[PDB]
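K.L.:
Take a look at the following structure, please.
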Ligand SMILES: */C(=C/C(=O)OCC)[C@H](C[C@@H]1CCNC1=O)NC(=O)[C@H](Cc1ccccc1)NC(=O)C(=O)NCC1CCC1
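Residue numbers (the numbering used here): 12 to 192.
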């Protein structure tokens, strides 16, 4: 088997988990140790359903930039035995664009799902349901409900988390390594 598909399947196996909050189904990225990331609008509570069991959340941190403005990402620290494989070295130091990327989704409704969103470009400001958001990127693919939390990847790099779309385009929150230091 080739190397792009090997890395994507390895993500699914070790780092990209099926979750449910009171807002419904999401894809969750485990970054290292007991630290994961979800979209802010998933509103993780005191507990979260992960794959086949209810896991306690020890801490949640919603990320905003210096402008006080929403970045649409919540860092969760989980109460588990599991250490996630550390994938911080695949996350660029600065939010990066990409050609021919793939969005990897993993939900109970959309399990191990691969979506070819194409090129991923700087976009910046986005308005999601009256919530202003910075540091977004855009792909010209008609993403859909149930795909938030999805992992934007390409060439062994992990560059975003899907948060939105308008029926013709999709949008992720950009990743940078400093968030997971
Ligand atoms: C993922 C979450 C979901 O399924 O929620 C359903 C209860 C979706 C995926 C979107 C929907 C349509 N196509 C997609 O890719 N995301 C959302 O629904 C966004 C939720 C949200 C984000 C931030 C703050 C609050 C809520 N919202 C949107 O996609 C949206 O409201 N508008 C799209 C439009 C383009 C820029 C604004």
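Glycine included, each C-beta is placed from N, C-alpha and C at the ideal position.
Name the residue from 31, 26, 13, 15 whose alpha carbon lies nearest to the alpha carbon of residue 120.
P.N.:
For the residues 31, 26, 13, 15, the minimum Cα distance to residue 120 belongs to 31.
K.L.:
What does DSSP give as the partner residues of residue 126 in its beta bridges?
P.N.:
Residue 126 pairs with 114.
K.L.:
With hydrogens ignored, establish whether the beta-carbon of residue 116 is closer than 8 Å to any heavy atom of ligand 1.
P.N.:
False, no ligand heavy atom lies under 8 Å from that Cβ.
K.L.:
At which residues does the alpha helix (DSSP H) containing residue 19 begin and terminate?
P.N.:
Residue 19 -> alpha helix (DSSP H) spans 14-25.
K.L.:
Applying the criterion that 16 or more other CB atoms from any shown protein chain within 10 Å of the CB defines a buried residue, is residue 110 buried or exposed?
P.N.:
Exposed.
K.L.:
Nearest-angstrom Cα distance between residue 178 and residue 150?
P.N.:
Between residue 178 and residue 150, the C-alpha separation is close to 12 Å.
K.L.:
Do you know how far the Cα of residue 105 is from the Cα of residue 3?
P.N.:
Given that the chain is displayed from residue 12 to residue 192, the structure contains no residue 3 and the question cannot be resolved.
K.L.:
State the Cα-Cα distance for the pair residue 65 and residue 79, rounded to the nearest angstrom.
P.N.:
One C-alpha to the other measures close to 32 Å.
K.L.:
Is the region 148-164 in contact with the region 35-48, if contact means three or more CB pairs nearer than 8 Å?
P.N.:
Result yes; three or more Cβ-Cβ pairs closer than 8 Å.
K.L.:
Taking the beta strand (DSSP E) that residue 182 belongs to, which residues open and close that run?
P.N.:
181-185 is the span of the beta strand (DSSP E), which, as asked, contains residue 182.
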